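What follows is a single structure, written as structure tokens, with notes after it.
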Amino acid sequence: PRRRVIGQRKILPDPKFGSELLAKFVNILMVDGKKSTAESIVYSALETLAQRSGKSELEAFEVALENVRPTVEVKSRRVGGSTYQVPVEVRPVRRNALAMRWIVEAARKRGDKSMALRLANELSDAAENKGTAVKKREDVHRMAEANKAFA
Amino acid sequence: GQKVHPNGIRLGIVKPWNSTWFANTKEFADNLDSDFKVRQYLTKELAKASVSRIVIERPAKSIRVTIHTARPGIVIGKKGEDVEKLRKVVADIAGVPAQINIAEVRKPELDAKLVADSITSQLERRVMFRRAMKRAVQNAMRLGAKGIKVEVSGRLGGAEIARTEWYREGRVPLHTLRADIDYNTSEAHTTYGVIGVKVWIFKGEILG
Amino acid sequence: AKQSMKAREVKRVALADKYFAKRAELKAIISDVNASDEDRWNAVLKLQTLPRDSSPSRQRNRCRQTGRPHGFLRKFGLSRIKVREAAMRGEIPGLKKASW
RNA sequence: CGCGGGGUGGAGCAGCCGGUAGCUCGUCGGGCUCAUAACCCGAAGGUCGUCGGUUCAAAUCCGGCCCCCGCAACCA
RNA sequence: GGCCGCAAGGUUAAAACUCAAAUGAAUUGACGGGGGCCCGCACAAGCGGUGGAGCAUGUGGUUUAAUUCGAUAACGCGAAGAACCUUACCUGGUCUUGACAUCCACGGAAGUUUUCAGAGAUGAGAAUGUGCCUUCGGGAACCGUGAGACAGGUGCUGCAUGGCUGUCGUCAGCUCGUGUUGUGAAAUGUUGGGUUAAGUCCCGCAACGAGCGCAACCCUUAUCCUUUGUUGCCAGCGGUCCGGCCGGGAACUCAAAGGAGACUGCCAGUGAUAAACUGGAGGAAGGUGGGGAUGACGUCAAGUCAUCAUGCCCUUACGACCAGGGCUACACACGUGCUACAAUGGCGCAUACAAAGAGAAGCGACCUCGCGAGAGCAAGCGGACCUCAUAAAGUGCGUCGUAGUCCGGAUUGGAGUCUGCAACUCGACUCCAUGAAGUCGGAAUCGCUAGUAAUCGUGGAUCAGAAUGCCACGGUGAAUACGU
């Protein structure tokens, strides 16, 4: 907004692992304020993922996230007659969010049956460095690279 | 229709109610109707008498009317002759035992409703509306109103294009809830049409 | 509303007042499962015979001042517009603008 | 009469081998538009003048007829 | 026409005809694809929609005997509820001082019961009564008849009006008095430096003051204390049918009534020795704490003569009564909603946690019957007591396994329940069957910054019956705001 920047609201860490990031992810996943179901789904995803990759539940998730975080995104300035997409260094708070969102989107897209399962699959893909979220990230990066002349 | 009614917004705080009784959902509508009737009757009767506020108050299947008027002498007539007469008719209207009290209005220039009525009367008898308005404002000021506003509207001087004109003097705070703003209205049924007269009289602020 | 409409309403009310005992009885008879068929039939026919304005489902609640059919309130017996006016004037006891 | 162009979606300009059946403005539809002209999306309008035949592809190659053009020649 | 010029043209220079202006400077506005500063879900950042589907609903149109009239910041709007009524419209059948009032004249007490014809309106019969008072020419309530004076009109004008309403906009503005400047329209104040949500506040300054508004006072919500404890409560006591139910207790919740509390008051820094700003301390709450009410001068000849009132037209009819029909029509276009398209789900069984309301021609337990809507019986209750009244999403266990499906419910057939004189046109709900379209929607387009959106149920008004609408209530409960 114009007038005043405001302090981001307080977020509680999830009961299972005691993590803020996890909680955020769960929130993102959630729909129609049905938090509980969403959190259950998330947990399920984690468990399966853990089983698959070993490690811990949280650590694996973190790793997955890491492979889909964008260093740089673009924005539309459009000062000229035609529009110029300009790259911008995307901040720590935002980058984490974006990756999560992308993952969620991928999960939603995916052709597997249960939501949780789909999510798990997505996570696995991210970890391995294939899939939808990763592709999206690449695209984002690619665009930035293309428009690197603007800065 | 911008403005809130100045009496209506203040009923909980500085202004009181006119009809002052309790009734259950059963008898409430009927009571209201009765009140409307009696009030209407009173207005019809005591037009020549300068009457400001009829306050109805019914306890224990018996109606207590309180007529605020500038000149009791005309409303009372001979001592307990006219009042008595009024009473039985009131009772009839209600269908219960009636009791009429008559409060004497000190300073009828500061009572808003009365002023409005006067203005209307003046309009009816073909005076210059503006001069009447001025008189209304001036008089109130003289009497010790912290402020007064009056407004008149429509077919002023029998003109084809209707308009509103208004005179304020002193201060008349309407947004301030604690301000004693005596508001009231009237209508001059002239040869060219109706001329509505509003008047706000600010007595002062109440501290509690 | 018109005068005529008001008059009609009044008439209807009067009719209702008149024929209540009979009509109610008839209704009861019609309902009563422990009763003769012929009797029931008679009752049904009897009801038809009675005037239509005798029914309470015929009469419309109008404003007691203006006779306006719509925007009515039961507690006050007045149409919204008149009710508001009353409130403003102080004429409805206890009623004031509500905020929460 | 003879000889060169050919004959279409409301008008017009439609990719040498017969299997492609249009594009412009137009009318409707809806939001853009401070307004319409709009930009953009989609939708109704054929016979391919006609009569036939070579061939599953035909209006699309040929035989005749009706017109539109253009021809240049003629006229006691 | 002359003179000049190679020419282009120059120079000299009319008239008819035509308009009541044309112009100059400055003034107040408005506007600018001028400029500066600032704000708002204005964009950006996000989440969910609308536009496609079916249905609901309003409008346009068309149709109709009529599809009532209005609204067109109109279009789930007036209408908080059209079967009859409502109703204003159409078709017929009827009435004409009249359905509604006042006034006399004079016939009859009002009224009460019942009969045939008629769609009904109405048009004809049989039973009762004579009350308050009379130098008796009779009266006030309530029917009857005729005369007129009048009634009546949801008939026209919102561009004659009042009242009420929308709107820019809860935008921070709009003015006035006196003084001064200018021939004057006007200006100044009200601009300028900062600051603020704010013409908020300070400082300056030909201004000095004032008013209406920007704020505060009001309701509500967040913490505490005192008072009062039933129909509300159960911490500690005894008893127990393990139910606050009964002795009791007044603690706690809760209920109202009255107080306290938040003021940049306290601390540090920045700032012009300031107004303020930035942070922190305490605190339930912090910088207007959250929400509501509150809408300046005015604008739109904005809306409403169909709420009401109010300044030409109809008066054996543009008034009144009635029955039936219509307002629910249907090639189509638009608006606002609901339900969907599924697995963050559907179905089945178990099971937990609300708030806020309503209720006497009313809400209706329990029990019995009905597959069910409901029916019968029938307590408790004008209600912190009784009833509406099981909250649902949720949670656990099972099942279905991506299908036009155990998704989706339109549509239609049968049979029925309730309300109501009456459900054909045209009500709601139930059961059994039937099982359309629809697999996230083109161009475009809307809402929302927090207990918000999203989603889940619950209640209320109008109301016999008839909500997916409106107005309320709690449950769960996000994302995002770099910035201009």
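Protein chains in written order, with the numbering used here: chain Z, 5 to 155; chain F, 389 to 596; chain E, 906 to 1005.
Don't be surprised by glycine CBs; every beta carbon is placed ideally from N, CA and C.
| Check | Outcome |
| --- | --- |
| Kindly provide the ranges of any alpha helix (DSSP H) runs that are 4 or more residues long and lie completely inside the segment 464 to 512 of chain F, ordered along the chain. | 470 to 482, 500 to 512 |
| Can you give the Cα-Cα distance for residue 545(F) and residue 398(F), rounded to whole angstroms? | 35 angstroms |
| Are residue 56(Z) and residue 128(Z) touching if we call contact CB-CB under 7 angstroms? | yes |
| Count the C-beta pairs between the segment 927 to 940 of chain E and the segment 906 to 916 of chain E that are closer than 8 angstroms, then say yes if the count reaches three, no if not. | no |
| Restricting to runs no shorter than 4 residues, where is the alpha helix (DSSP H) found entirely within the segment 59 to 104 of chain Z? | 61 to 70 |
| Alpha carbons only, please: which of 20(Z), 106(Z), 133(Z), 87(Z) is nearest the one belonging to residue 71(Z)? | 133(Z) |
| Determine the closest residue to residue 150(Z) out of 34(Z), 68(Z), 88(Z), with distance taken between C-alpha atoms. | 88(Z) |
| Let's see if you can read the secondary structure: which residues bound the beta strand (DSSP E) around residue 540(F)? | 535 to 541 |
| Closer than 7 angstroms, CB to CB, is residue 416(F) near chain E or not? | yes |
| Output the boundary residues of the alpha helix (DSSP H) element that contains residue 29(Z). | 24 to 33 |
| Hey, is residue 972(E)'s beta-carbon within less than 7 angstroms of any beta-carbon in chain F? | no |
| Under 8 angstroms Cβ-Cβ, which residues of chain E neighbour residue 563(F)? | Residues of chain E passing the Cβ test: none, with the nearest at roughly 14 angstroms. |
| With H, G and I counted as helix, E and B as strand and the rest as coil, what does DSSP make of residue 977(E)? | strand |
| Output needed for residue 534(F): all residues of its chain with C-beta closer than 7 angstroms, excluding positions within five of it in sequence on either side, in chain order. | 558, 559, 590, 591, 592 |
| For residue 412(F), count the other beta carbons within 10 Å of its own beta carbon; 16 or more makes it buried, fewer makes it exposed. Which is it? | exposed |
| Which residues mark the beginning and the end of the beta strand (DSSP E) in which residue 571(F) is found? | 567 to 577 |
| Do we get a CB-CB distance below 7 angstroms when we pair residue 396(F) with the residues of chain E? | yes |
| Per DSSP, what kind of secondary structure is residue 415(F) in: helix, strand or coil? | coil |
| With burial defined as no fewer than 16 other Cβ atoms inside 10 Å of the residue's Cβ, what is the status of residue 16(Z): buried or exposed? | exposed |
| For the candidate residues 392(F), 424(F), 390(F), whose alpha-carbon lies nearest to that of residue 406(F)? | 424(F) |
| Residues in its own chain within less than 7 angstroms of residue 459(F) by CB, not counting five upstream and five downstream? | 437, 438 |
| Let me know the alpha helix (DSSP H) ranges lying completely inside the segment 946 to 1001 of chain E, each 4 residues or longer, listed in chain order. | 985 to 994 |
| Would residue 588(F) count as contacting chain E if we go by Cβ distances under 7 angstroms? | no |
| Skipping 5 residues on each side, what residues in its chain have a beta carbon closer than 8 angstroms to that of residue 884(E)? | Here chain E has residues from 906 to 1005 only, and residue 884(E) is not among them. |
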